[PDB]
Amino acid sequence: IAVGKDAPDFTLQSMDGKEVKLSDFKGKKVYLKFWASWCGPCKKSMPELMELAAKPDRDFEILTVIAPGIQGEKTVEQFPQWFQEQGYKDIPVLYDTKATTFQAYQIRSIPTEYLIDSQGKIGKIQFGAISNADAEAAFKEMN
């Protein structure tokens, strides 16, 4: 994994039971956030991400990834209940049930965001939360 190189492919079930592939988003920039329900700064960054999702006419898609049941994350049954109770919605959550997407993207800390360009290359990486302003600006400087 490296800035400027292809973002690793993945095929994951969403919280809502749909299969989602990075390749589904060819030609769209992607905001890809790895997080966990047990992580304070991850929770704290979610309402701001809902703000971003609510903005019309974005040339990027938002996708987030958790590893359900892994290293303390909530079970697949418990997670959606918790998510809804926080008031969270309109944010895709993909289930990395094998931890292989976290592994593929070499996650060391959370939250981590990969901002992937329209050509499927990693454009930016941010350790910790990124402001919506900074994310929007970043996507403007990417292909």
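For every residue, the number given is its place in the sequence shown, counted from 1.
The stretch with the higher mean CA B factor, choosing between 114-122 and 38-46, is 38-46. Higher mean CA temperature factor between 128-136 and 10-18: 10-18, per the PDB entry. For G27, the recorded CA temperature factor ranks within the middle third of the chain's modelled residues. Ranked within its chain, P68 lands in the lowest third, by CA B factor from the PDB record.
In the PDB entry, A53 places in the middle third of its chain by CA B-factor. Among all modelled residues in its chain, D90 ranks in the middle third by Cα B-factor. When all modelled residues of the chain are sorted by CA temperature factor, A99 is found within the middle third.
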